[PDB]
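Below is one structure, written out as structure tokens, with a few remarks after it.
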Number of protein chains: 2
Amino acid sequence: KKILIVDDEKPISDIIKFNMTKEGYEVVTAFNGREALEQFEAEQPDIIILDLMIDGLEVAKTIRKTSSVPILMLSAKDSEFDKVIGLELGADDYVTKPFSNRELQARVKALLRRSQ
Amino acid sequence: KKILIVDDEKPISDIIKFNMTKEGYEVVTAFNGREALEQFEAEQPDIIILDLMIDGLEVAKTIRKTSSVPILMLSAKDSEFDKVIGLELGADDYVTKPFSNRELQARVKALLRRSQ
């Protein structure tokens, strides 16, 4: 399976990339909203992890216009408002930073199970 | 033309209702998100003024699933983040409270011109 990691911070992109690779996923990366949409269209990932630091919300909105691909939002923002609007804009899950590497793996697995 | 005013505060509903009536519009009112959607479906308004105090954002989201009806969001929240996400979720305009009665009229007119 193929995971698109959309993160504008290289250190954390690198950790998630390393951990998903170790799990056997093919990883593609994007570091802004434009690259996120370009990579989504060209690579047709099975799941998207979305951690941009309002741009993330538009990315997810735009993807949902044409695709049901699972989106796992990842964010340092952990308020009720933040989680609710991420989910309403089309996120399938929302996970806060800092996160457990094992939990992130488990949640990616759960999402992929649920979308085939 | 018919205007649905979605506002959970009766005093301000009443002012907008009075002012739109004086202008010759037929006015229907809703005081929560559920009533907003019920009134939208049953009355098929030409424009919606939306001022609920996250529920307002879901109302607008839900309407856009089936309708292009103009939505003018009205809110005491006046931050860049607030205006941008109102517009992104499908609002055609976003106006802050307190507002000018004449400006509100002008903006309703501008929206109706633009949607027929």
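Between copies, how far apart are the B:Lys1 label points? List them in nm, one decimal, shortest first, with each point 7 Å from Cα toward Cβ, please?
Nearest to farthest, the other copies are at 4.9 nm.
If the cut-off is a Cα-Cα distance under 17 Å, which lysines reach B:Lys10, setting aside same-chain residues fewer than 8 apart in sequence?
B:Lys97
Determine, for B:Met53, B:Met73, the number of other Cβ atoms within 10 Å of each Cβ, and report the residues in order from fewest to most.
So the residues, fewest neighbours to most, are B:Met53, B:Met73.
Along the positive direction of the dipole of chain A (beta-carbon charges: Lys, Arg +1; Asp, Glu -1; about the Cα centre), which of A:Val95, A:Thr62, A:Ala36 reaches farthest?
A:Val95
Using alpha carbon coordinates only, what is the Rg to Rh ratio of chain A, with Rh defined as the Kirkwood radius?
0.91
What size of dipole, in debye to the nearest 20, comes out for chain A about its Cα centre when the only charges are +1 on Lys and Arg C-beta atoms and -1 on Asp and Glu C-beta atoms? Display every interim value, and only then the final one.
On the way: 17 positive and 21 negative charges, 91 e Å.
That gives a dipole near 440 debye.
P(r) for the range A:10-67, please, calculated from all Cα pair distances in 5 Å bins and given in %.
With 5 Å bins starting at 0, P(r) equals 4, 17, 31, 26, 16, 6, 1.
Put a point 7 Å out from Cα along the line to Cβ at B:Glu41; what are the distances to that point in the other copies, in nm, shortest first?
Result for B:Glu41, in nm, nearest copy first: 3.6.
In nm, what does the list of distances from B:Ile15 to its counterparts in the other copies look like, shortest first, when each label sits 7 Å along Cα to Cβ?
4.9
For the residues A:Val108, A:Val6, A:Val27, what sequence is obtained by ranking on other C-beta atoms within 10 Å, fewest first?
Listed from fewest to most nearby Cβ atoms, that is A:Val27, A:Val108, A:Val6.
Could you give the nm distance between label points at A:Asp55 and A:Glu9, where each point is 7 Å from its Cα heading toward the beta carbon?
My value for the distance between the label points is 1.4 nm.
How far is the Cα center of the range B:37-66 from the Cα center of the range A:29-54, in Å?
Centre-to-centre (Cα) distance: 31 Å.
May I ask you to sort B:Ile12, B:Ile63, B:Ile48 by Cβ crowding, counting other Cβ atoms within 10 Å and putting the fewest first?
Values: B:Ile12 16, B:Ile63 20, B:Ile48 27.
Least to most surrounded, the residues fall as B:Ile12, B:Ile63, B:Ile48.
Could you give the dipole magnitude of the protein assembly as shown about its Cα centre, charging the beta-carbon of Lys and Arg +1 and that of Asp and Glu -1, in debye to the nearest 20? Provide the component values of the computation, followed by the final result.
Working: 34 positive and 42 negative charges, 79 e Å.
With only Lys, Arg, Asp and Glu charged at Cβ, the dipole is about 380 debye.
Given labels modelled 7 Å from the Cα in the Cβ direction, how far is it in nm from B:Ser79 to A:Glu88?
Distance between label points: 1.5 nm.
Enumerate by residue number the trypsin sites (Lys or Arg not before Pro) in the range B:1-32 meeting two conditions: DSSP loop (anything except H, G, I, E, B), and at most 15 other Cβ atoms within 10 Å of the site's Cβ.
Taking the range B:1-32 and a limit of 15 other Cβ atoms within 10 Å, the loop trypsin sites (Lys or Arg not before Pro) found are B:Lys1.
Rounded to the nearest 500 deg cm²/dmol, what is the calculated helix-only ellipticity per residue at 222 nm for the protein assembly as shown, with -39500 (n - 2.57) per DSSP H run of length n ≥ 4?
Counting only the DSSP helices, I get -15000 deg cm²/dmol.
For B:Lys61, give me every one of the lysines with a C-alpha distance below 17 angstrom, ignoring sequence neighbours fewer than eight places off in its own chain.
A:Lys61, A:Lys65, A:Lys83, B:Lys83
Values in this text are rule-based calculations from the coordinates and carry no lab data. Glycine gets a Cβ as well: all are built from the backbone with ideal geometry, and neighbour counts include every protein chain shown.
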